[PDB]
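S.K.: Next up is a structure, given as structure tokens.
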Amino acid sequence: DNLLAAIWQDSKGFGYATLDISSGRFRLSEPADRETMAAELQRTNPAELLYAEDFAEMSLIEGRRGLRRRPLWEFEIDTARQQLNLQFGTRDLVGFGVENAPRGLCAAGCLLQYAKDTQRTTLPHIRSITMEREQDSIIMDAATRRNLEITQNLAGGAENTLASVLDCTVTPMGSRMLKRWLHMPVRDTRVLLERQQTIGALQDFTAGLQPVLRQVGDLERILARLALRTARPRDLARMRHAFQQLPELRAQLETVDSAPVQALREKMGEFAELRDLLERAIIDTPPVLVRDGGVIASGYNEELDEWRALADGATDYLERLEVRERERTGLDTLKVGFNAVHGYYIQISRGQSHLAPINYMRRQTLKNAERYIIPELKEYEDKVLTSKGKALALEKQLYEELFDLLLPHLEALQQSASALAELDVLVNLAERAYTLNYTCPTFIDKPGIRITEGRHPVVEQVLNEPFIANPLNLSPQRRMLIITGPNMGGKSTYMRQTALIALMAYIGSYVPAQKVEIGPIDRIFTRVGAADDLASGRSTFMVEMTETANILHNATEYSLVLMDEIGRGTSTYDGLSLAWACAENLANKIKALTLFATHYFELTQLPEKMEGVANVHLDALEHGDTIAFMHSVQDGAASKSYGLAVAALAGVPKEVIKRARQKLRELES
Amino acid sequence: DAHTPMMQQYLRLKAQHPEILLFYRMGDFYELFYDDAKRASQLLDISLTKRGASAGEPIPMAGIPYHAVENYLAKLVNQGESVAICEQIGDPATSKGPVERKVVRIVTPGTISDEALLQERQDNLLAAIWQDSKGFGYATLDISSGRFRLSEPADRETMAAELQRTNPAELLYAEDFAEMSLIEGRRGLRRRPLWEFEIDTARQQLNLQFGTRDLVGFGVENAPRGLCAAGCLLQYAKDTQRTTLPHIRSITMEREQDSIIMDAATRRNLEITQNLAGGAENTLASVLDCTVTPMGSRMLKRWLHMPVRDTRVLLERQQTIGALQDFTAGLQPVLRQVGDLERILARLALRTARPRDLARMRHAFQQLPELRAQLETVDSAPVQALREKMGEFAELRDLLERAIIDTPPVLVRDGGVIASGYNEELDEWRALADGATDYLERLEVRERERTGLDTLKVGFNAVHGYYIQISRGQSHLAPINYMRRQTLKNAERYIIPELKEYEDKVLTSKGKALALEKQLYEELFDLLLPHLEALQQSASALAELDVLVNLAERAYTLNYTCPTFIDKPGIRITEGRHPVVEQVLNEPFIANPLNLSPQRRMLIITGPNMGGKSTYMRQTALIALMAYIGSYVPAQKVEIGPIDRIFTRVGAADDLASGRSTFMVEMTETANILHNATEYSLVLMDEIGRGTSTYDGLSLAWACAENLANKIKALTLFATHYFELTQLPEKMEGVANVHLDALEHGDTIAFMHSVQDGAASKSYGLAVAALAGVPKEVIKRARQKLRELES
DNA sequence: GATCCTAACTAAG
DNA sequence: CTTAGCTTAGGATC
Ligand SMILES: Nc1ncnc2c1ncn2[C@@H]1O[C@H](COP(=O)(O)OP(=O)(O)O)[C@@H](O)[C@H]1O
Ligand SMILES: Nc1ncnc2c1ncn2[C@@H]1O[C@H](COP(=O)(O)OP(=O)(O)O)[C@@H](O)[C@H]1O
């Protein structure tokens, strides 16, 4: 009725745009597949649709109403980015989070040009352009995925990350499954509850299953390499070892009562005929490269054994012929050797070399020993050389026939691998749950997070000092906590453990706290750290404000926002002013479950000034030169940073601290 | 106390040296334990591992090989972290407890900005000198202290300078010393035998005295000429004292030339090779790495991260960059064809080269004569040396051209890799094998006409050998002579005694040909191997040549100019630009003058946000680094005085664990600056006191700057949005205000990007946030609040 | 007195 | 790319 929309196509994917003239909501989508395009067009019900002249799939477009064939110049990549930036008055669209989306921006440029064509009126309604994601998974921007340190810390090391604490998974194919899960938080309650039940039920039988799962091996990538018919023999030997161990895994899982544990038990399968084939057709320990040979176990084919028996018959006949030739010639120095260049030979000392009979013919010649070829030996060596090659060639042919026999079940083996990988993450999540004293979360139907005896998993485990437990109550009635406290007080640790508890709750895992009440959460936003992209023309402040803009644009009521102290990298007064307005918009309008840690103590008045907002104070007491921190979240607002005290513990010289305290006396007066 | 015997010994040795990252020799591998591992891991980029637990949780361990120490040891000391190298002094045999370890050497940051390192009046300095083809080897022993120094100079100037610097009380020279003139001035001159300067006797004599098995820990094992001198000196120490002295327990390196010390934080804050995002793109290296040869790419990235202070080396690069500038376009194409000579030769060294790689070796030797000829025309002392050092290796050119096919397959097992006619035998057996393919067709014709079957086609299966495949229609028509071995739906495969005898010839010829090639492909490595030493020198020279022509091409392309060395603390830049930003951004970079000096030691760079405060601050260092890697700087004129340390502290991020807060790390790293900094050191600071409350941050900043000026006297650029510290210049001498400015014409703000004298009073934050993309609703309330806050 | 895991590279496919 | 090969000590438990 008022949803003027644009569509445009490129070879890789298609681009959709929607402008609400009435609302001023400007939205952007990039749906590559046709089903989503049809669904989104039906969902929107565009009042008028613009359609590129050069669009191939006319069928999708032809059904829609208010159809307009539009020129290609309106769908230009460059003209769109500048036209939108000019209207907004910005230099880049990185703040809106649409800069990276080209196809939608193309559509948006044509729509903005058609917005002028339709109205040409005042356009203050168009200040922003959002990108609506259809994942139905918690959407975490790459900035957050490194700020919370989910899998990668700020230094870039795999150590001191959430994944490190929760990745005791015994199979390397399960390590990848969990790291997939941590970055893709399933938002549907029904799936998380199945994992939660399975984690709780397997908790009894963790110790029994975890050892048997280790023996499976990296089955996922072995199947992928088998699919490309380039598995190599040590990999097929790992497939055999798994099929040996699957029956044990099935039996232990039979005892475990849960319906999904029974489904994974049945989905794992047996594949006993493949167990039989690999056991029959591969030697206990083959080499890693097939071209070398020694891969095919004796019993698989009769013909391999016949030619291998000729080759084995050659190696005994080598010693038997060496003994009979040594006795018949009467030469003790007579020794039989195989040089690849000159084939099999008879090497005698030069002293007895001329005494070797006429049948002996020098193929290889050295001064110290002479290497001869008897005609009987030559007939046998020709037999050895032709058998050696045929055996190697047959080995490769059978090693291909094995692929052909194993290939049909690959579909079910892939399902088996997915199930066994899933099981290892689940029994790993059951082990860490019991080992680290985690609990099961519950899902209330309304956005909010209620934590009792809440702990930051990484810090508490990797610091040899008791973590003081912190209670949290974020709800629709209490949407913001201004966490103001002394430096090293725990204001930023208390802030971050809210979102790591929230994330772990949403990949189906047990959580650090004693009790959790996690409501629905759509996105986890953070502004933490500091950096300057001088090469991409962004000062340290701009990058900070670009990420504050991402939050202020794309945050909803259902979103958890964890802003660190902001307004840093401008003058005192200017930073405080921007921080007050940022927090107000996050509370009075956005209504996001927010923790706003600030060393600025003027913002401690915001709960009195605004509704549905509260203050909390991680406190410390300054006894002597040293400062003692409580590490305890208590209600109220801390008035003092004790920065000059936290600098003395940092190692700043006493001379510098003394003058700074003398200056603080003057500054306060 | 309650730990394992070895970790007990580690902790009591670790207790002696509290902040010193201690290298502990656990058999083959030096490795750091507990916190020192986590210090080692994030600096040296070795993999952190958890070894078996000792009276608690597992021990975090981070290790290196014994012979790669000096490579890593350099990367540690150049980031400021002093290394405590701890050898196995005791025998690992007859040690039921841990092998006894003692801290033989403490390699400091190596700050040698002070002109009088060794005093001129310092006597009882018994010294030794010996010379070979490569250069001189000098040693100095102070017997009274037992303090030992070891130097191996490359040119006469350093030898004369070091002899003058030391002023040895007694000098032991050698029977064969060529440049007698340098040592003629030196007092207590003694002509000494060659056996006292034998390399083998020197290594055991030093090891025996210190009680070690190797000198790799002291970092002198690899250095032969100095060790020869040290052996004669140590032998003459026994001769003079007629005793062994425990004072002389160690041998350090006197010729440790101070690379400008840059902590790992700075090496990523300047983005020398790795930007803050971690990508190879938008780094200094990216701008200066258009080097055509992969062997050269790693050479300049090595150079960028070791900015050497020695003027002699920088001048050789400066001259060669200027001289080759004419023949950039001529040499750069010919250098590309050489290939990665570094990596091919490394494969030749392990005797495990692919034949495709030896074909790339041939291609280089083809192109080397052309390179020498072009370089002959360019007359310069180092360009002629690199021209001669490159070499020809014509006999290897001949061998590879004779013994490798124009384009060989990727493995030798593939076959045909060895060029026919290098050996008579290979072509004779290959000719027998080639005899098969015509014999195939000639019996496919003779059998087709004798049988009279037109559909008859002869084929070879690997499993069933050669066969006679005939359609089922003509399969029953095939004669009795034909014997069906292999049976298919559309065709029957027969066999003839002539095809069992011929196929045996084809399969024994095929194998013999393949076996001979492998043998020859090994004989080639034996013939090429002797010259590897000189080929390695050639590779080092060709790599060096390519960074120099790249730097020469980029110098002319980007209009860079030769820098000047005042040799008095100061920096004097006119028309300088940030190399990365102007190259990687469409808009012309506005050039900026800088005038640091002893009279003007501090500039409080206060300006609007994104005014160019941080680029002007880094631009100083990147110009300074490029000047000390002997490259042409981005400028019109530069007079860079001595710098021992570039400190950078722009922005902070917290681990949020293990006692780290945004504030904790900022104060700890300003602490590093406030203690380690010298009058020679360049300090760069952005708004220290960001991670703490308003009044506490200003107070700490005013004390930090005062100490940096009134005491440390460091060439400092103190960027601050705090405008209270703009008053510091009046209070203390040698501090001045500077203002990167911008003009607000309308709602939008234009940044001038020009360093002008004065102090800007206003930070245009709310305006630079609107251009960042913060919603207008947020900006409007923030401006309304700023009105209230200011009032 | 003995017995597992450990630390940089290499490079074939 | 890329997933497989790459080294002297330690330590206990009688
Ligand atoms: N709840 C807590 N219990 C115990 N220690 C804590 C707690 N919260 C933080 N810490 C400790 O505080 C230090 C980090 O403080 P941090 O919150 O980063 O300071 P700031 O709030 O000023 O940014 C670390 O030693 C960390 O272990
Ligand atoms: N001289 C110049 N000419 C053109 N662009 C410049 C110049 N100096 C800086 N810039 C650009 O403007 C930005 C300067 O911001 P910066 O100096 O980092 O500010 P801040 O000190 O607040 O961090 C950089 O991103 C750079 O791309």
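The numbers used for chain A are those of Swiss-Prot, and the residues that appear cover 130-798, in sequence.
Cβ atoms are placed via backbone N, Cα and C, with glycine included.
Quick paste of what Swiss-Prot says about this protein:
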type	residues	note
BINDING	A:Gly614, A:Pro615, A:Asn616, A:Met617, A:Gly618, A:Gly619, A:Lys620, A:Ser621	ATP binding site
S.K.: Within 10 Å of the Cβ of A:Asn616 (ATP binding site), how many other Cβ atoms can you find? Include all protein chains, please.
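M.R.: So the number of other Cβ atoms within 10 Å of A:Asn616 (ATP binding site) is 28.
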S.K.: Filter the binding-site residues A:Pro615, A:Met617, A:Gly619, A:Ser621 down to the ones with a Cβ under 8 Å from chain B's Cβ atoms, keeping sequence order.
M.R.: A:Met617, A:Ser621
S.K.: Counting all other Cβ atoms within 10 Å across every protein chain shown, which of the binding-site residues A:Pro615, A:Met617 scores highest?
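M.R.: Selected residue: A:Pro615.
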S.K.: I'd like to verify something. Among the binding-site residues A:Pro615, A:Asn616, A:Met617, A:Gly618, A:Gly619, which ones have a C-beta closer than 6 angstroms to some atom of ligand 1?
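M.R.: From A:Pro615, A:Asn616, A:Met617, A:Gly618, A:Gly619, counting a Cβ under 6 Å from ligand 1 as near, the near ones are A:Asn616, A:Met617, A:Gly618, A:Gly619.
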S.K.: Just counting, how many other CB atoms are there within 10 A of the CB of A:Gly619 (ATP binding site)?
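M.R.: The Cβ of A:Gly619 (ATP binding site) has 26 Cβ neighbours within 10 Å.
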S.K.: How many other Cβ atoms sit within 10 Å of the Cβ of A:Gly614 (ATP binding site)?
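M.R.: A:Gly614 (ATP binding site): 29 neighbouring Cβ atoms within 10 Å.
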S.K.: Return the residues near A:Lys620 (ATP binding site), defined as same-chain residues 6+ apart in sequence whose C-beta is under 8 angstroms from its C-beta, sorted by sequence, else 'none'.
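M.R.: Listed in sequence order: A:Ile612, A:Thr613, A:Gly614, A:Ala726, A:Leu747.
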S.K.: If I restrict to non-local contacts, at least six residues apart, and a C-beta distance under 8 angstroms, what lies near A:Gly618 (ATP binding site) in its own chain?
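M.R.: Residues satisfying the criterion: A:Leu747, A:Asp748, A:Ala749, A:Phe758, A:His760, A:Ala767.
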S.K.: What residues, ordered by sequence, lie under 8 A Cβ-to-Cβ from A:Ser621 (ATP binding site) and sit at least six positions away in the same chain?
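M.R.: When sequence neighbours closer than 6 are ignored, A:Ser621 (ATP binding site) has A:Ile612, A:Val657, A:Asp693, A:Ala726 within Cβ distance under 8 Å.
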S.K.: Where does A:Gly618 (ATP binding site) sit in the DSSP three-state scheme?
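M.R.: The residue in question, A:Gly618 (ATP binding site), is coil (DSSP, three-state).
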